[PDB]
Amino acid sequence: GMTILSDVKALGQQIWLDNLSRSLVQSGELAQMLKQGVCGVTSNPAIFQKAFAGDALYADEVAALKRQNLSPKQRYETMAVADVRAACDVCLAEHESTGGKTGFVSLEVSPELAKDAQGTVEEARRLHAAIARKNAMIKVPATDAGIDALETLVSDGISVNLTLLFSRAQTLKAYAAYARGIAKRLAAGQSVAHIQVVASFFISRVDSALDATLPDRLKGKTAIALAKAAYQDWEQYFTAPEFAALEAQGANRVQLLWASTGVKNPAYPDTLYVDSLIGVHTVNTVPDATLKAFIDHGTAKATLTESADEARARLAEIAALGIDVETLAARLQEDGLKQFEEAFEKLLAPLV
């Protein structure tokens, strides 16, 4: 039942909606969700491509914007920024109630900037200013350039959702960049207590890549094992003396956010990823249908840290089979960027 969302909050995990559209906000639905336990919203170019194509409330907005001398990208941005600002307003009471720890809405920079650190910083600063809300996160792919940009953006006081993480090594690099940005601000006497960063670590895509060629005992297990190990890494990094010295001064830990948590293989229960990844100081962003399924027949239990030994043994067998999860992660990130760019080009074409 619906109270499962509150039960998960009590276990220390926020559940965000991995969807955004003009009607979601305008209908009052998002406001009702933010009372029923949903704690935030994520978007990406594919989410906007589908929303722009299917939501009737965009038609008049597009017709209005086609009367102006604007590029397709600025037409898209005007639409998307408006949706994000409206969603931020709906989530503000939640955000403020926790001291700025919840109630975020994420907007991703253009995929074509993913390997351009300076361009990413420039666009992220601009979109942060354009949205003009304290509870907006700018979403930045965790390429090497994105981690460079993360350090700068954090030092600028901007909250960031670092996305397309599939690698424990790259995630640790992100934590180090975050800490450098925080340390810069503290050295300069600037505030840090309102800077929030999430590390969006993707789940289903790992199993989709590997399952058809894995042995029985491993099918449907790798993505969860990888996430469990990532969370163990998180505990070790953020409790270490180095970060404790920053947290003592008001720094917030980065939080892991489980993304791509809709189940894509009908051989697995539809709540598999949500049920299996609940732990303290995390987020799970879920598509509508997965949110539905979890409310109907999900289970709220602190599963993320259970059986970490088995997760390690599974990852050791993955390596024994010759699957290099770091090579895989780089490919999956590359593939995700290609897919997001494809979606972005698809949504721009009707805005010409």
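Don't overthink the numbering: it's just position in the shown sequence, from 1.
K.L.:
Mean CA B-factor: is it higher for 248 to 256 or for 211 to 219?
P.N.:
Between 248 to 256 and 211 to 219, it is 211 to 219.
K.L.:
Using only the Cα atoms and their B-factors as the entry lists them, report which of 135 to 143 and 68 to 76 averages higher.
P.N.:
Higher mean C-alpha B-factor: 68 to 76.
K.L.:
Using the temperature factors in the entry, find which of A56, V283, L291, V41 has the highest value at its Cα atom.
P.N.:
That would be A56.
K.L.:
Tell me which of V84, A193, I203, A199 tops the list for C-alpha B factor in the record.
P.N.:
Max CA B-factor in the entry, restricted to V84, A193, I203, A199: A193.
K.L.:
Can you tell me which third, lowest, middle or highest, the CA B-factor of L5 falls into for its chain?
P.N.:
For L5, the deposited C-alpha B-factor lands in the lowest third.
K.L.:
What third of the chain, by the recorded C-alpha B-factor, contains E108?
P.N.:
It falls in the bottom third of the chain.
K.L.:
Sort the modelled residues of this chain by their C-alpha B factor and say whether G28 lands in the lowest, middle or highest third.
P.N.:
For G28, the deposited C-alpha B-factor lands in the highest third.
K.L.:
Please say which third, lowest, middle or highest, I278 falls into when its CA temperature factor is compared across its chain.
P.N.:
According to the entry, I278 has a C-alpha B-factor in the chain's lowest third.
K.L.:
If you rank the chain by CA B-factor, which third does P269 end up in: lowest, middle or highest?
P.N.:
Within its chain, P269 is a middle-third residue by C-alpha B-factor, going by the deposited values.
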